[PDB]
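Structural features, examined
Single-letter residue listing:
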Amino acid sequence: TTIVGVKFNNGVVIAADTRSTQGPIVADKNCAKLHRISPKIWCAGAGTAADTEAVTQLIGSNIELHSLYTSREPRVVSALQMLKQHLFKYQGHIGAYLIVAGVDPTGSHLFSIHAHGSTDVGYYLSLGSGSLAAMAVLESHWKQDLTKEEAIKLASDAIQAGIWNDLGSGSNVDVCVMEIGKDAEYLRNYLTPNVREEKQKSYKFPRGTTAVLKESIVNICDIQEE
Amino acid sequence: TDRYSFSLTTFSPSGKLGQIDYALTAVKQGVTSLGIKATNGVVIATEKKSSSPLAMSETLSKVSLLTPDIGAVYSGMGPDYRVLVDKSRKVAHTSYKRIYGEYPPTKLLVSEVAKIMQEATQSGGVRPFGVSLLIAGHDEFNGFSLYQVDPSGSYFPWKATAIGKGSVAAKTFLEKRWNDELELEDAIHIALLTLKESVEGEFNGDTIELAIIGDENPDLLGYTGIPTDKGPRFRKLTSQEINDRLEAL
Amino acid sequence: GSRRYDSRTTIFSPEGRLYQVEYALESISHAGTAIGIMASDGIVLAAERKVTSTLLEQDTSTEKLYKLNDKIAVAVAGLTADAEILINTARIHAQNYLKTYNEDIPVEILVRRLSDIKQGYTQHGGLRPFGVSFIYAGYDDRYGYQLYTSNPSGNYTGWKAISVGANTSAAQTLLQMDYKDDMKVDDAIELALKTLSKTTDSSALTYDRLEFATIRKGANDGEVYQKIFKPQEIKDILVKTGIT
Amino acid sequence: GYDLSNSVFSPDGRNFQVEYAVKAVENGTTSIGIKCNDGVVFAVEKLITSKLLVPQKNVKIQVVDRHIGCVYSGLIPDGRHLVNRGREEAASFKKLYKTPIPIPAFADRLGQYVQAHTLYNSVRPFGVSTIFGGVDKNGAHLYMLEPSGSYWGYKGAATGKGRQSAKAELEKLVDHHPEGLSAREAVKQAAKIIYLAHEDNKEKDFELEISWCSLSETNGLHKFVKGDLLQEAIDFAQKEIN
Amino acid sequence: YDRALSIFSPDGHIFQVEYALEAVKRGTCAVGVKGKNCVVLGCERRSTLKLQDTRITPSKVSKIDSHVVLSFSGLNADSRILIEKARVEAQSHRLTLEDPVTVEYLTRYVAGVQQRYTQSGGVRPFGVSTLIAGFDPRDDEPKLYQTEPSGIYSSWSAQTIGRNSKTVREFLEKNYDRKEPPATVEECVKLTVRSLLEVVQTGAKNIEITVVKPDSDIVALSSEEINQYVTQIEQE
Amino acid sequence: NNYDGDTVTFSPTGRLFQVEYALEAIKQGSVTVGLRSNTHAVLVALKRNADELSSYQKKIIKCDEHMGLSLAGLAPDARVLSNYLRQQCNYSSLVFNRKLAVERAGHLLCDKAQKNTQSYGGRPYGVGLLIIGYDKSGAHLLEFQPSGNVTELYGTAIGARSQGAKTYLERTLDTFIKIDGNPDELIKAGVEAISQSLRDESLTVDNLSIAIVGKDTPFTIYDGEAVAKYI
Amino acid sequence: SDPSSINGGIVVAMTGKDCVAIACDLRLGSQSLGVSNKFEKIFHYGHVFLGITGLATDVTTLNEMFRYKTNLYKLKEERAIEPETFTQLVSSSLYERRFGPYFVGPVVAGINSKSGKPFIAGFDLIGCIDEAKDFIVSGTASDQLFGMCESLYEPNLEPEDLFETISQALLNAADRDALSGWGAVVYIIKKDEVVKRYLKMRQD
Amino acid sequence: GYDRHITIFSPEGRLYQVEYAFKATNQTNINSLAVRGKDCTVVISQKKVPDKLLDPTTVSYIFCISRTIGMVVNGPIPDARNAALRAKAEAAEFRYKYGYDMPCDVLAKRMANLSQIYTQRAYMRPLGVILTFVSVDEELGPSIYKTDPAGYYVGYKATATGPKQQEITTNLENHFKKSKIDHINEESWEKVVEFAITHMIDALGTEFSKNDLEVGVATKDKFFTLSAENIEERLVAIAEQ
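Residues numbered from 1 in each chain as written, not as in the entry; some residues may be left out. Chains lettered and ligands numbered in written order. Part of a larger assembly, values for the part shown. Heavy atoms only, no water.

For this deposition, the record names cryo-EM as the technique by which the model was determined and cites 6 Å as its resolution.

Next comes the structure, spelled out in C-alpha cells:
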C-alpha cells in the first residue's frame with residue numbers, strides 16, 4: 001500500500017489505495033484503508049493491516065473522550081501523542097505506519113508516525129511500500145500553498161504512480177479532503193483505473209452438474225413452538 | 001491501615017436502604033428537568049441557575065453528550081453528575097466501541113451506568129451519586145427510548161417523565177398533554193410550557209437549556225460522502241433559537 | 001477512627017442470626033408478588049410489577065423477568081438494583097460452564113453459585129448482602145423441570161409451588177388447595193393468574209402490570225422453548241381466566 | 001465532637017486536633033532561627049535535667065543534604081521521624097537532577113507530608129514545629145513549618161516555650177538592622193536570645209548548642225559552631241542577662 | 001480490611017464462639033450412632049411446609065468421599081460452603097498423598113476452616129457443627145467424630161447435636177454403650193430411627209437415614225425403608 | 001475514656017495519653033540500673049521470677065559482642081525491638097564493615113517506635129531499654145523512652161524505685177567516672193545503686209545478673225558465681 | 001512448520017443476492033496424518049455463521065470463545081447479533097493476543113436482518129477486517145480458491161446459482177490441496193431457511 | 001447519627017461535611033477580585049503581612065500552575081499548596097500525553113473531579129480551598145473558571161472570593177450593566193488592573209499598599225506577577241483617573 005498526505009494552505013488531503021493484500025495473494029479488490037480517529041482527523045494505515053486498524057480504534061475511543069472532555073474539536077497533535085506513546089512501550093513490536101492528517105482550530109497539520117514511536121512532520125509525507133513511487137511525482141509538481149482542487153489532483157496522481165510501480169498499491173484511489181472550517185468530504189473512488197475485462201464465457205451450470213451425497217434442511221430461525 | 005472496606009450502605013430496620021433514601025433527598029434539592037418522548041423525536045429540557053450573576057450560563061452545561069445520538073440530563077447535585085457523566089462516556093467506549101466498534105444501544109448504555117452506581121453503594125470510601133439522570137436517546141435497534149436512572153442503580157423506560165424538586169407538578173402537567181402521536185414541534189412547546197411552572201428564574205432561552213434528540217443532522221457529522229453513515233441525532237439549541245420557540249407557544 | 005464508625009453487621013446476634021439477613025427479608029416484602037408453579041410440561045413464572053404509573057412505559061419494562069440462559073430464567077422480588085449484579089454474574093457463570101464442558105449448566109449448580117455469593121457478603125469484607133429473592137425456573141434433563149427459591153442468606157429450597165414478595169402467605173394457601181400433581185402448563189397458567197388476583201397490589205389486575213413467562217416442552221423435538229409473553233399476549237390469557 | 005478525628009470538620013472552619021497538636025510544641029524546648037543576610041544561625045536550648053546527661057551529644061540538630069540544618073521543638077521522636085523522611089527526599093532530588101535540593105523546594109516536600117496526616121485517619125497528625133533553612137544559590141532562607149503544614153519566609157522565627165522572650169527581641173533586631181546583620185554577628189545574637197529565653201525555663205539550667213549555614217563563614221555548608229567560637233558566644237549571652 | 005469480626009472477651013472467651021453454638025442449637029438435630037460394622041447419621045429434615053418437592057431439596061447428609069459422610073446442624077447457608085471446601089481437601093489427599101481421605105484428616109480440615117476465622121479479623125466463624133463419620137481405607141473400624149464452630153473436635157461413640165440433643169442423649173445412655181455398640185447394621189439404624197421419633201417425629205417425611213458400610217460402600221435408605229422401621233418400632 | 005481508647009487523637013493537653021500508659025509498664029516491671037565510665041559501661045539488671053518454683057527470666061539480651069540491651073518493661077514488646085536491633089547490627093557489619101554505633105542505633109529505634117504510635121491500631125512500645133556498647137566514640141549508655149526518645153547519660157535507671165538509684169549515682173557521679181581500666185569497680189558501684197532499688201527483694205546470686213562492655217572487654221553477661229564476686 | 005498450516009482446513013464464502021453461502025471441508029489432520037473426516041468448521045450464532053481455519057486447538061478454543069461472548073450479548077439485548085457487530089467483536093478478540101498470537105483465520109458470513117443485505121468479512125492471525133462483498137477465502141487452498149472464485153463468480157446470483165458455483169470452487173481447490181479433501185459441507189443461507197448440503201467428493 | 005463526621009448524606013439532601021469546607025475560606029480573610037480584560041485577565045488579591053518578621057515576598061497565594069495559567073487560592077495555606085501541587089502535576093501530565101498545554105476550562109473540571117472524589121472518600125477530607133483559575137487561552141479568549149471544594153465550577157465574567165465578596169459582586173455587576181458585554185474593553189492590560197483595584201476599593205472600603213496587594217496578570221500566552229514596585233505604580237494611577 002501507499003498512503004500520501006499532502007498539506008496545503010486551506011487544509012490537508014489524505015489519500016490511499018484500496019487493494020488489500022495478504023501475501024502475494026490479493027485479499028480484497030476494494031477495502032477502504034482510511035480509518036477515523038475523529039471525523040476531522042482521518043488517517044490511513046499501511047504496513048501490518050491488523051496492527052494499524054486496532055490501534056487507530058483504541059485511541060479513537062480515548063480521543064473521543066478527550067473531545068467530550070474539552071467540548072471542542074480535538075487536535076491532530078493529540079492523536080499523534082497517544083499513538084507515539086502506545087507504540088513506544090512495545091519498542092516497535094507493533095508495526096503501525098500511519099499518516100495522520102486532520103484539521104483543528106489552530107490550523108492544518110500533517111504528520112507521519114512509525115512503529116517505534118518515531119515521528120516526522122512535513123508538507124508532504126508518504127508512507128507504506130509504494131511511498132517511494134509517490135514521492136518522486138510529488139517533488140516535481142508541488143509548490144508551496146496549493147488549492148483544494150490542485151491538491152486533490154496531486155495526491156491522486158501520486159497514488160497512481162504507486163499503481164504502476166508498486167504492487168502493494170493497486171485498484172481504486174480514494175481521497176478524503178479535510179479543509180479548515182468545513183466538513184470533510186470523503187470522495188471515495190475518486191479515480192478508478194483498472195476494472196476487470198469481460199470474460200470470454202459465462203460459467204453457468206445446470207442442475208446436478210456437481211455431485212451431492214445427501215441433503216437436508218436445517219432451520220435456524222428460532223427454537224420452534226409446537 | 002485504612003480499614004474502610006465495609007459498606008456505608010446498610011439496611012434499615014423497617015426495610016429499605018437508608019443511604020439511598022438520603023441521596024433521593026438530594027435529587028429534590030436540585031434543579032428541574034424533564035423529557036417528553038415524541039414519535040418522531042425526543043425533547044429534553046432543564047433549567048439553568050448560577051452561583052453568581054457574574055457567572056456565565058453560556059459556559060454552563062447540564063445536558064451532556066454521551067454519544068452522538070444520545071444525551072443525558074441530570075437533577076440533583078452538580079458535582080455528582082460531573083464525574084458520573086465522564087464514567088458514562090468511558091464505559092460506552094471501553095466496552096462497546098473497543099469490542100463492538102460502534103456507539104452502544106440506549107438500552108445497553110443505561111444498564112451499564114447502573115452497574116457503576118451499584119458499586120458506589122458497595123464497599124467503604126464510596127457513597128452513591130445523588131442524582132437521577134434522564135437518558136434520552138435513539139438507537140437503531142429499540143428505536144427512540146427515554147429512560148430514568150435512579151441513584152438506587154435501577155432504571156425504568158418512560159413515555160414522558162420528570163425529575164428534580166418540581167417533578168410531581170411536571171408529570172401531572174404532562175399527563176393531559178401526552179398523546180399516542182406527537183409532533184416534535186408540539187413536544188417542544190409542551191416542554192417549555194411545563195418547565196415554566198417549575199422554574200423560578202427567567203424563562204428566556206438564555207436560562208432555559210433546550211436540546212432535542214429529534215431527527216439526525218449529517219452536516220454536524222463532520223464529514224460527508226458516506227450516505228450510509230448518519231450524523232448526530234442530538235442538536236443543542238442556542239439561546240436565540242430557544243427564544244423563537246417561546247414565541248411559538 | 002477506622003473502627004469507631006464500624007458497626008459490625010457481619011456478626012451474629014446473640015440468637016445465632018445475622019441482623020442484615022433478617023432485615024433483608026423485610027425489604028423484599030416491599031416488592032410485589034412473584035410466583036413459580038411447576039407443572040410437568042413446564043414451569044410458569046408470573047410476577048406483578050411493584051411500580052406502576054400511566055406515563056410509565058411498561059411495554060418494554062423488565063423489571064422482574066430476566067434470562068440467565070436459554071433454559072433458565074428468574075423472577076425477582078426485592079430491589080431491581082440489588083438483583084442486577086447477581087443476574088450478570090449468573091450469565092457469566094452459566095456460559096462459563098457451557099464453554100468448558102460444551103453442555104448447558106444444570107439448575108442445581110447455578111442456584112448454589114448465586115447462594116454462595118450472598119453468604120460470601122456476610123462471611124467477609126464487612127459487606128451487606130444483596131437482598132434479593134429469586135424464583136428459578138430451570139430445565140435439565142436429569143431431574144426434568146426444577147423449581148427453586150433462594151433467599152438473601154444464600155440458601156436454596158426445592159418446591160412444587162412457591163411465592164415470594166408481597167402477600168406471600170395468602171398466595172401460598174391458594175396454591176395448596178388447588179394444586180394437582182398431574183397439572184398441565186395450561187392448568188398452572190390459570191392457577192398462577194387467579195392467585196395473583198387475590199394478592200393484587202392495586203384493586204384491579206391489569207395485563208400491562210404483569211410479566212408472564214413460561215418454559216414449555218411443547219416445542220418440537222424435545223427442546224424447551226422459553227417464551228416471555230408480550231402484555232398484549234398476557235391480555236389474551238387475562239380474558240381466558242375471565243378477570244377481564 | 002469535632003476532634004474525634006481530622007475528617008470531622010467543625011462549623012468554625014477549624015480542626016481541633018491540629019490546634020491541639022500545636023500545644024505539644026508549646027511544651028517543647030525553646031528553639032530559634034535568625035535569618036541573616038548571608039546565612040542563618042540556629043540555636044536550641046538543651047536542658048540539663050540531671051547531671052547524669054552527657055553534654056553536646058544529644059543533638060536536636062540533624063543536617064539534611066549538606067547545607068540544610070533542621071532543628072525543632074515539640075515531640076522529639078516525631079520531629080526526628082519528619083527529618084528522616086526528608087533526608088530520603090533530599091537524596092531523591094540529588095539523584096534525579098544532580099544538584100543539592102533548594103530551600104524552597106525542601107520546604108514544599110516536607111509541607112505536603114505534614115499536610116497529608118491532617119486529612120487521613122490512618123495516620124496521626126504531627127506535633128512538631130521545625131525551623132530549618134540554609135544557603136543555596138537562591139540566597140539564604142529561613143522557614144518555620146507548623147504541624148498544620150504551613151510555612152512562610154521569615155526574617156526571624158521561634159517556637160517552643162520561650163518564644164515569648166525570643167520573638168520580641170527579634171522585632172528589635174530588625175529595627176537594629178533593617179538590612180540584617182553579619183553571620184559573624186548573629187553567633188552572639190542567637191546565643192543572646194536563648195539566654196533571655198531561659199527566663200521561661202528558669203526552673204532548670206541548660207546547655208547551648210549553636211549551628212550555622214552561611215556563605216561567608218562556612219561557605220554555604222551547614223556545620224556546627226564548636227570550640228572556642230561556641231564558647232565565645234556563650235560568654236557574650238551570659239553577660240547580657242546579668 | 002482485617003477489622004475484627006472476632007474479638008476477645010473480658011471473660012477470656014471469644015464472642016463469636018458463644019453466639020455460634022447457639023446458632024448450632026437452634027438448627028436441626030443430628031444423631032450419630034456407630035456400630036461395629038457401620039456408621040449411621042440420621043438427621044432432622046425441615047420439609048414441614050407442603051408443596052415442597054422433598055426430592056430435589058438439599059439433603060442433611062452429603063457424601064464427601066466414597067466411604068466418608070458428613071452431616072450438619074446450624075446455618076444451612078454456611079454448611080454448603082464447607083462442603084465445597086472439603087471436596088477440595090478430599091482431592092488434595094489423593095493428589096499428594098494418594099489414597100482417599102481418612103476420617104481423622106477430614107475432621108482436622110473442617111476445624112481448620114473454623115480456626116482460621118477464629119484468630120483473624122475481617123472474618124467470623126461459621127455457625128456450623130458437624131458429625132463426620134466413615135471408614136479409612138482398608139479399615140473396617142467405624143470412626144465417629146464431631147466438629148463444633150470453635151475449631152474444636154471430639155471423638156465420640158455416640159453424639160447428638162441440635163435441638164433437644166439432651167433428650168436424645170439421655171435416651172442413648174439407656175440404650176447405647178461404648179462397651180458394646182450394636183453388632184448389626186439394622187439394629188444401629190433402628191436405634192437412630194427410635195431416637196429421632198421422639199423430638200423430630202412426623203414420619204419418614206422429616207426423618208432421614210444414611211448408612212456407610214466398611215471399605216467404599218455408601219448406601220442411602222429411601223423413604224419407604226425408613227417408614228417400615230418406624231411402624232415396627234412404634235408397635236414394639 | 002474520651003481519647004484513651006484511641007491512639008490517633010489529640011488530647012487537649014498536648015500529649016498522647018497512650019504514651020503515659022506505656023510508661024506505667026516500666027513501673028510494674030523489673031528494675032535495671034546502668035552507669036558508665038569513659039572506658040566501661042555496666043548494666044546491672046534485677047532478674048525476676050514468678051514464684052519459687054519459677055526460675056528467674058533473663059532481662060539482658062545480648063545483641064552483639066559489643067552491644068547489649070536490657071528490658072525493664074513488658075517482655076513481648078521487648079521481643080519486637082530486640083530482633084530489629086539485632087538485624088540492623090549484623091547489617092552494619094555486613095554492608096559497611098562497621099561495628100554498629102550505639103548512638104545511631106538509638107535514632108533508628110526512635111523512629112521505628114514512632115511510626116506505630118502514629119498508625120491507628122498501633123501503640124508506643126511499653127519497654128524502656130538501657131542500651132550499652134563500646135564503639136569508636138567510646139562508651140555509651142542510652143535511655144529509651146516508650147515514645148522513642150534517646151538521651152545519653154553517665155548514670156540512669158528505669159523500673160520501680162528507679163528514683164533512689166539515680167540519687168545514688170548523682171552522689172558517686174565523679175567517683176566511678178574516674179576509675180578507668182578496672183572493670184571490677186564499676187560493677188561494685190552498680191550493685192550499690194540497685195540496692196537502693198530493693199523493697200526487700202534482696203540480692204542473691206541467682207537474682208543478680210550483670211553485663212559489661214569495656215574498651216577491650218567484650219559484651220559478656222555474668223551470672224552464677226561470676227556475680228558472686230561482686231556481692 | 002507454521003502452526004497455522006500444520007492442520008490446514010479451508011473455508012470458502014461467496015455472496016449472492018438475498019443469500020450468502022459458506023462452505024468448508026471436513027478434513028482435519030495433524031501434519032501429514034489425516035485424523036478425522038467428522039469435523040465441521042461451520043458454526044452459527046443466530047443468523048451469523050462463523051467459519052474458522054488454521055491451527056486446530058485455536059479453531060476449537062475460538063469456537064467456544066465466540067460462543068461465550070454472543071450468549072452475553074443475546075441475553076442482554078434480547079435480540080439476534082448482526083453480522084456487522086460480530087465483525088467488530090472478532091477483530092477485537094483476535095487483537096487481544098497480539099503477542100503469543102492466535103493462528104487462525106475467522107470468516108464472517110451472514111445476512112443483515114435489518115436491510116436484507118448479504119454481508120461478509122474476513123480476518124486473519126491477530127485481526128484485520130477484510131471488507132468485501134464478493135468473497136472471502138482462507139486456508140492452505142487459498143491460492144486454489146482466490147483464482148477459482150474470481151473467475152466463476154458473477155455479482156447478484158440466485159440462491160441456486162450460488163450453490164453450483166461455490167460447490168465447484170471448493171471441490172477443485174480441495175483436490176489441488178493436500179491438507180484438504182476428505183468431504184465437504186455447504187450451507188446455503190437464505191433470509192428464512194438454511195439448507196445444509198453435503199457434497200460427494202473424491203476421497204483424497 | 002454521623003452525617004456531619006463522615007461524607008454521607010443527611011435527610012436534608014446536603015452533605016454537611018462539604019458545606020464546612022466553604023466556612024474555612026473566610027477565616028484566613030483573603031479577598032480576591034478577578035476581571036476579564038480585552039487581552040488579559042487580571043486578578044488582584046490581598047496579601048496579609050501580619051508581623052515585621054514575615055518576609056512578604058515569600059508570602060504567596062498565587063501559584064503558577066502552567067506557563068499561561070495562574071491560580072489564586074482562597075482558604076488555608078496547607079490545603080493551598082497541596083492543591084497547587086496537584087493542579088500542576090495534572091497540567092504537566094496533559095501537555096505530556098496530549099502534546100499541548102492544558103486549557104483553563106479543562107483544568108477547572110479536572111480539579112473539580114478530584115475535589116468531588118475527596119468528598120466521596122470518608123478517610124480523605126476535601127481540601128478547603130476555593131480555587132480561581134485565570135488565563136488567556138486562544139481557544140476561549142480571556143477566561144475565568146472558579147472551582148470550589150464540592151466539585152462545582154462555572155464560567156465567570158468576573159468573580160470574587162472571600163468573606164466580603166458579596167460586596168464586590170455588586171460593583172462588578174453594575175460595571176457589566178453599563179457596557180452590556182461580558183468583558184471590559186480596554187486594550188492596555190495596565191488600565192484593566194486599575195479598574196480591578198477600583199472595584200475592590202469600593203467593596204471593602206479600604207485603601208491598599210503595594211504589600212497589601214499581590215497581583216497576577218495573565219496576558220496573551222504568558223502569566224506573570226507584578227513585583228511590589230510595579231503595584232505601587234498602579235495604585236498611583238488610581239488617583240490619576
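1. Notes on the overall build of chain G
The condition that has to hold: We count a stretch as a helix when DSSP gives it H or I for four or more residues in a row; a strand needs E for two or more, and each element gets its number in order from the N terminus. By definition, residues are in contact when any of their heavy atoms lie within 4.5 Å. The protein chains shown are the only cover counted for residues, whose accessible areas, like all others here, come from Shrake-Rupley with a 1.4 Å probe.
Helix and strand content of chain G: 4 helices and 12 strands. Based on the C-alpha atoms only, the size of chain G along its principal axes is roughly 45 × 40 × 25 Å. Considering only contacts within chain G whose residues lie at least 6 apart along the sequence, 62% involve residues at least 24 apart. Summed over all atoms, the accessible surface of chain G reaches about 7400 Å², with 49% contributed by carbon and sulfur.

2. Description of a positive patch on the surface
Where we set the bar: Patch members must show over 30% relative accessible area and no salt bridge, and they are joined within 9 Å when carrying like charges or within 5 Å when they are nonpolar side chains of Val, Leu, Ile, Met, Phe, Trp or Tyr. A pair is scored as a salt bridge if a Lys or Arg side-chain nitrogen falls within 4 Å of a carboxyl oxygen belonging to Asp or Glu. Think of it this way: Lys and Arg go in the positive column, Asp and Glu in the negative one, and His and the chain ends go nowhere. A charge is said to be at NZ when it belongs to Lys, at CZ for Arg, at CG for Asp and at CD for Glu.
On the surface, a cluster of positive charge is made up of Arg98(F), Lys99(F), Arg104(F) and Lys136(F). Note that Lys99(F) resides in the loop between helix 2 (75–96) and helix 3 (102–118).

3. Overview of the arrangement of the chains
At their nearest point, the C-alpha atoms of chain D and chain G are still 34 Å apart, with no contact between the two. These two, chain F and chain G, are apart from each other, with no contact and a minimum C-alpha gap of 42 Å.

4. Things to note about the interface of chain B and chain G
Defined as follows: Values labelled buried area give the accessible surface lost by two parts on being combined, using a 1.4 Å probe and summing over both. Polar contacts here mean pairs of N or O atoms no more than 3.5 Å apart (in protein, one a potential hydrogen donor and the other a potential acceptor; neighbouring residues in sequence count only if both atoms are side-chain atoms).
If you look at the interface, chain B gives 12 residues, while chain G gives 12 residues. Both faces considered, chain B and chain G share a buried interface measuring about 1000 Å² in area, 52% of it formed by carbon and sulfur atoms. In this structure, the connection of chain B to chain G is made through 1 salt bridge. Close ionic contact of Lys107(B) with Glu78(G) constitutes a salt bridge, the shortest N to O distance being 3.6 Å. At the boundary of chain B and chain G, one finds 6 residue pairs in polar contact.

5. Regarding the pattern of salt bridges
Inclusion rule: Relative accessibility under 20% of the residue-type maximum defines a buried residue, over 50% an exposed one, and the middle range a partly exposed one, all with a 1.4 Å probe and only protein chains included.
Counted according to the given criterion, the structure contains 67 salt bridges over all chains. Of the charged contacts in the structure, one is a salt bridge between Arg188(A) and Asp174(A), with a shortest N-O distance of 3.6 Å. Here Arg188(A) is found in strand 12 (residues 184–191), whereas its partner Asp174(A) is found in strand 11 (residues 173–179), with 14 residues between them in sequence. Note on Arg188(A): relative accessible area 29%, which makes it partly exposed. Between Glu215(A) and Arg197(G) there is a salt bridge; the shortest N-O distance is 3.8 Å. Residue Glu215(A) is located in strand 13 (residues 215–218), and its partner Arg197(G) is located in strand 12 (residues 194–199); the two belong to separate chains. Taken together, the shared-partner salt bridges in this structure form one network comprising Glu190(H), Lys191(H), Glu194(H) and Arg234(H).

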